[PDB]
Amino acid sequence: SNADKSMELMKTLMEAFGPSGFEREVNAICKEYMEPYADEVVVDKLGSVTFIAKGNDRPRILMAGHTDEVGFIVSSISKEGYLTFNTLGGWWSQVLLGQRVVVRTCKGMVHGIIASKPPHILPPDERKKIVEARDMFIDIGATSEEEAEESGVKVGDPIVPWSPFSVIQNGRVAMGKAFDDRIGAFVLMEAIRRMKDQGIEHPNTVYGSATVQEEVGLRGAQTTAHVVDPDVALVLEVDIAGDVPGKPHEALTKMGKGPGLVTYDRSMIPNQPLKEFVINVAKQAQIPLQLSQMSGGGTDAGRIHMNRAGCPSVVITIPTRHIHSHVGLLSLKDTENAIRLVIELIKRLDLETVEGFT
Amino acid sequence: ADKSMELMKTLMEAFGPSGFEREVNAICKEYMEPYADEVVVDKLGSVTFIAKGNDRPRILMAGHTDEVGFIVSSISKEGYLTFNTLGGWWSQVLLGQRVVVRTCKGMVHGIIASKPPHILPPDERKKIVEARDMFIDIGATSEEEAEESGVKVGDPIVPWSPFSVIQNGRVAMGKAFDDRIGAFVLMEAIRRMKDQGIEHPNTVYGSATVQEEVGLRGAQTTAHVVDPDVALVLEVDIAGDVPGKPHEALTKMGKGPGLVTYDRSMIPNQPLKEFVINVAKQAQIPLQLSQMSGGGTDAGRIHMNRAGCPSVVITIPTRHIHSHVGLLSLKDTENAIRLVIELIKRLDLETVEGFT
Amino acid sequence: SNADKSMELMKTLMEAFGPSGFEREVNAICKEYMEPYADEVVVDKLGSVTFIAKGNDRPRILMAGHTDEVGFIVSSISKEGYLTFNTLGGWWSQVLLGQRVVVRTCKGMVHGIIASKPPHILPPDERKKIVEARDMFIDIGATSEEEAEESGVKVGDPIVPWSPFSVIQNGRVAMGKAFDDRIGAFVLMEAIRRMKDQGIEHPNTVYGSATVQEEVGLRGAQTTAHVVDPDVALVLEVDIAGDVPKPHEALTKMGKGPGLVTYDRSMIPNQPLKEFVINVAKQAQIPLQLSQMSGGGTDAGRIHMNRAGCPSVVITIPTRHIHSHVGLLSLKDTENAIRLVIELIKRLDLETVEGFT
Ligand SMILES: [Co+2]
Ligand SMILES: [Co+2]
Ligand SMILES: [Co+2]
Ligand SMILES: [Co+2]
Ligand SMILES: [Co+2]
Ligand SMILES: [Co+2]
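Protein chains in written order, with the authors' numbering: chain D, 1 to 246, 248 to 359; chain B, 3 to 246, 248 to 359; chain A, 1 to 245, 248 to 359.
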């Protein structure tokens, strides 16, 4: 069953180990799923894998979703057997304490807990203070520097959140980590798969790219854009979903009310003709679409749209609750509609339409 | 063999926050059916297992089976739950954590959440998020969709935290060690005494108390039922293995069970304290002298029962208690079991009267 | 007449003098009203009176409502004729200034006003500061320490708010002091009265108790629980009503029915008993508001811990502005609380009660 194989892919992706800089396990999963569906596979030297579905040489459509997740890296082993760490990507410190993580050593996976000094051994005026991430560490159950070393831990070893994947709300809502942005990778992979399976023709060549190192500076996007030389780009990301009580204007999108379209973000102002194109394609296809704006965040598009002489680009999003944290939620219905939408766009992105954007 | 570890796993994974301990105490009753001579209860929900011997002295061993948790305080119009805490929680360990709510329709999963910091003014992002301003997200999109899951005000909530063993079988990881590990010890002590026909000049009341984390409530009522002549309370100790100091948290995980020499709720009977120290030394069981400047135990109530009851707290050092996931040493646990057996062997009427 | 006699009782209770430790006048009023309705009267040595309506020896149902009210006590007489005072029970300082009080001396009632230093004789930076209760005093119109003494005042003399009882909103809403928790006492007394008057049978013995010293540490509840040895307890209290323009911190609304407390700082209720009350209310079509008091306690905090434990639940009348000179509550809510408690008592037989534990 394909619905099984899809959900099995989703589960495997969200449960895979792949923080920024260490995405090889996740991109291997992507290659394997796509062996029977991509006409060719190209890579960048940072570790981004890109799947090509052939059609007309031009225009080249780049779809990108980053497979790196926010994570950590071992910065030292203390004499008592605790690990210090640096963050990989943007974390809010207040979601870290008490959380389970797993470190990948040469000897395998080692489990631990993010910890700090307990407040009752601090002065009364220091207990009301937020604990900064610089003062946290990871407890792996070791009782000495040696016992810690026996587990295989070395400075520079990568760390991810520990967070199992499941579905809740009677099959409607997915729960787990790394939705940002493996759900975007999931969408582009499923789009390409479906186009082949149902023989859907498209007047263009599609480059579906699982980029690396987005969360640390849009690094894989820059190098993948160089490799591809795209004529138009659809970046798939998550949107911060403002479903939480308290205003509306800072987070327009709601989980379950359809994919989002980003009208402005700190890294890019979208091409306006292309924006209007997506809005219309969605309206015509009756796919609900939420206009969104990310005042203080960026995307792979920030680099892609600046490739060579420029590249018209838009960001399309799945509203997700609690990103950049151990566990988030998103709607499977929104995801499905994002897949539908992207297919409809690709169907209609011929050379003439694309030249009309510039 | 598997049976002990299967019990440990089942206990630490059971649902049982303060006031709602029935599932956990059912697990205890079932494990102990073949080992206890009799079972008495208090009306709060504490179950107590009796291993018979001489009418007097009565030895009370107690470990509380309630865990810190939460309770649903409302459903917001958008489908989020507000909650009150059950027991003492540090707010800084809450955000982003998985919980599970027990409704009339079954278990409902959720995540502790707050307003995201990028929707707040710059000066409010550096502020700690207080628990009063948090809520639980269960994936609902409206007050109704939330109601469909079965949630009602007053429904109990626990942390979601699987049990496993790490460090090559040496260290247990999970929730609710405080104080199901204490319950685990007293149950295993009673089991072993029966299995190996170990005689004891006394009657032993092994009690799985309720509602410790909210005010030592089950201990008071269980003490009334039992009328104990001496009490051994089993608890966890906050383990100071974390970098940065020593004097505020004397105990270390893996260096043996602890003996509490002073806490906010009780100053132990001194003869009894010396007795335990000697029994441990003689039996070659490592024992860490401990002091909990700002915490209490079931003993706080037990030792005040009727005319008084000599009592002492014996502890397993545990890292990260009152949080979703903690760690303790299986070796320490084993030694706590050994120690308690040796004590019970030697607590005859004469020794016990000599404490007072 | 009975509706008159009821309202006359309500008025008399809310207007009676009875701060924590000095509840004798109010408990006398209760004894008098209940002479013709209780089968027996037992007391504790703190001053709690308890009225027994006989039936089956067991189970024993304890209903409790405290008759002490928040108040004050004279802590000194200043050389200028002003009184300093300590609080009896929890008061918010911001509701005290400018308020009328009455002090009970050996010579009788002496009226006064809570006062402080006026802000225009303070430095500019001290006027924006809240006046703490420690810096307040009571003005009784005296001009010297001697003129004050003539009124009969002594250190240790009790003080209550001055606050007449009336009904407003076309007879719907009661206004006055001490609703916490004389309204609870009113309910249990009216329940017992009505059960006798209408010959309503109940498979149990009912102990209706007017406890003392709740507001200073649940003191009368502990000692009354000892005397009674109850098998199940229904504590009647007020609920802070959140009708003022944070829904989750104060769930209850005045006029939307009695409340049922699902959690409070002093007790987590027995769960079977909680479900029982919810169902009895639903079946009897009595509106019932699920409530939670994150930072307050009740007589139940002590009662449920008596001996081996006692399953208990708190039932509440939503009241606005408790622990202040004047509050409001709904007579309709009160009536429904009386109805509810009767329905519960009817159904609390030995078998049901043993099923809670
Ligand atoms: Co992203
Ligand atoms: Co991101
Ligand atoms: Co404990
Ligand atoms: Co505890
Ligand atoms: Co009260
Ligand atoms: Co009060």
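Backbone N, C-alpha and C fix where the C-beta goes; we use that ideal spot for every residue, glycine too.
Among the residues of the segment 95 to 112 of chain B, none has a Cβ less than 8 Å away from any Cβ of chain A. DSSP places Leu188 of chain D in the uninterrupted alpha helix (DSSP H) bounded by 179 to 197.
Residue environment analysis places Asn56 of chain D among the exposed positions, since fewer than 16 neighbouring C-beta atoms fall within 10 angstroms of its C-beta. The nearest non-hydrogen atom of ligand 5 is less than 6 Å from the C-beta of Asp181 of chain A.
Listed by position along chain B, the residues whose Cβ is nearer than 9 Å to that of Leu253 of chain A are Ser75, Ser76, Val155. In this structure, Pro320 of chain A sits near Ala241 of chain A, with a CB-CB distance shorter than 7 Å. In this structure, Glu356 of chain B has its CB at a distance of at least 6 Å from all heavy atoms of ligand 5.
DSSP places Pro19 of chain D within a strand segment (E or B) once states are collapsed to three. Among the residues of the segment 284 to 308 of chain D, those with a Cβ less than 7 Å away from any Cβ of chain B are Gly297, in the order of the chain. Taking a C-beta cut-off of 7 Å against chain B, none of the residues of the segment 215 to 242 of chain A qualify. In the DSSP assignment, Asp266 of chain D falls within the unbroken beta strand (DSSP E) covering 261 to 266. Among the residues facing chain B, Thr321 of chain A is not included, as its CB has no counterpart in that chain under 7 Å away. In this structure, ligand 3 has a non-hydrogen atom nearer than 6 Å to the beta-carbon of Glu214 of chain B. Residues of chain A with a Cβ closer than 9 Å to the Cβ of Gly18 of chain B do not exist; the shortest Cβ-Cβ separation is about 12 Å. Apart from the 5 residues on each side of it in sequence, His202 of chain B sits with its Cβ closer than 7 Å to the Cβ of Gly55, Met195, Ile347, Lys348 in its chain, given in chain order. The alpha-carbon of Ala339 of chain B is positioned some 40 Å away from that of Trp92 of chain D. Taking a Cβ-Cβ threshold of 9 Å, none of the residues of chain D is close to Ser268 of chain B; the smallest such distance is about 15 Å. For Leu346 of chain B, the enclosing alpha helix (DSSP H) covers residues 333 to 349. DSSP, read as helix, strand or coil, puts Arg100 of chain B in strand. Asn86 of chain D carries a strand assignment under DSSP once its states are collapsed to helix, strand and coil. With its beta carbon less than 7 Å from one in chain D, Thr143 of chain B belongs to the interface.
Residue pairing from DSSP places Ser209 of chain A in a beta bridge opposite A:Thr50, A:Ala64.
Chain B has no Cβ within less than 7 Å of the Cβ of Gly259 of chain A. Residue environment: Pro36 of chain A is assigned as exposed (fewer than 16 neighbouring CB atoms within 10 Å of its CB, all protein chains considered). For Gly220 of chain D, no pairing in a beta bridge is given by DSSP. The shortest CA-to-CA distance from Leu342 of chain D to any of D:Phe22, D:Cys30, D:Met63, D:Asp231 is the one to D:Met63.
A direct Cα-Cα distance of roughly 18 Å separates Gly259 of chain B from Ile168 of chain B. Under the three-state reduction of DSSP, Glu40 of chain D is assigned to strand. Counting only runs of 4 or more residues that sit fully inside the segment 104 to 186 of chain A, the alpha helix (DSSP H) segments are 124 to 127, 145 to 150, in chain order. At least one CB atom of chain D sits nearer than 7 Å to the CB of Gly246 of chain B. Per the C-alpha coordinates, the member of D:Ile159, D:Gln198, D:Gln213, D:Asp197 positioned closest to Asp181 of chain D is D:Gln213. Of the other Cβ atoms in all chains shown, 16 or more fall within 10 Å of the Cβ of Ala302 of chain D; this residue is therefore buried. Using a Cβ distance threshold of 7 Å, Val232 of chain D and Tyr207 of chain D do not count as a contacting pair. Here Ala225 of chain B carries a helix assignment [DSSP, helix/strand/coil]. Between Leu13 of chain B and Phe179 of chain B, the C-beta spacing is not below 7 Å. The straight-line gap separating the alpha-carbon atoms of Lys129 of chain D and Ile130 of chain B is approximately 7 Å.
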